[PDB]
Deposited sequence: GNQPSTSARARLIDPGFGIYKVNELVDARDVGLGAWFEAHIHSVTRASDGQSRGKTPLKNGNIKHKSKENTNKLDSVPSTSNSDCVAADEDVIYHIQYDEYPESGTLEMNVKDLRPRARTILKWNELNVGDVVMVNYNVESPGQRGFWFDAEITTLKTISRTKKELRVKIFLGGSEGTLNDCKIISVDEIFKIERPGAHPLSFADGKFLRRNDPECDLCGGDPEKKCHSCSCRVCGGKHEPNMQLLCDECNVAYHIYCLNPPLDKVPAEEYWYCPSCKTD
C-alpha cells in the first residue's frame, strides 16, 4: 500500500487527509484536481491545505473549505440534464470555440436539434457570464457535495481532459507521433508503452534504442 493513496482521519474535518478533491482557484474561478495534504486546527476552526495534482510545483497551499468539494466523478448524460441545474462544464472564456477550464454553470438552454446535434447554453459563475455555448456536451460533470464517498489515489487518478491535439484531432483511428509513440506513431497497446513525467512523450517497450525487456522517464533526457 502506498502512503499517498491511504486516507487519514485526524479526528475532525469534512475531508480526510489524502482525499481527492477539486479546488476552486479564486484567481480564475475554475476548479482543479487536488488532494488534501493536511487538516489542522488554528468551517471556521478547521484549516485545510492541499496540493494540486497537475501543479506539484506550486507546492502546499491553504484553501478555504467553501473552495473545496469531493472530486468530480460522474458525467451526466444528456437525458439527466435539466434547465436550472448547476453542473460543472468545460469552457474557454477568451476563445469559446476551444477547450478551456472547468466552471460551475447554471443550464439556461437545452436543445436537441437532431440525433447528433445539441445546443447547451449556460450561465458561468466566475460575477457571471450569460449565454455561454458549451461545445463539450459529452463531458458535463455532476457537482459533488460534502459527505460524498471519499476517494483516494487507490481508486484512480480521476483526471479530467484538461489539455487542448492539432495533428490527429484526438481521433483514435489516425496514427500520431505527437500524442502517442514518438518512434512509430501507434496507439495500440496502452499497457506496453510507458510515458514520461518531465516532457511527457511515449515510447513502446520494443521501440526504444536499445529495446527494453520489460515495462518511468525517457532516455533521451539522461
| item | value |
| --- | --- |
| Stretches with no C-alpha atoms in the model, relative to the deposited sequence starting at 1 | 1 to 5, 48 to 88, 173 to 176, 215, 267 to 271, 279 to 280 |
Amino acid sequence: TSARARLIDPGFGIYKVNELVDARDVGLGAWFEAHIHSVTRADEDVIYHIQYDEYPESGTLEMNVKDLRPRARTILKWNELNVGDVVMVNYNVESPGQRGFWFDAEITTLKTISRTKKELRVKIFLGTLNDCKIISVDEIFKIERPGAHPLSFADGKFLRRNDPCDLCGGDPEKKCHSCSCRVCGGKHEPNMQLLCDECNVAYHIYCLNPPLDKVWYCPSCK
From here on, numbers count along this sequence of modelled residues.
property	result
Per the entry, higher mean C-alpha B factor between 20 to 28 and 198 to 206	198 to 206
100 to 108 versus 148 to 156 - greater average Cα B-factor per the deposited record	148 to 156
Selection by C-alpha B-factor (highest) of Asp171, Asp53, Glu62, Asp163	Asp171
Residue, from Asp67, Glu33, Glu189, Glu57, that the PDB entry assigns the highest Cα B-factor	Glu189
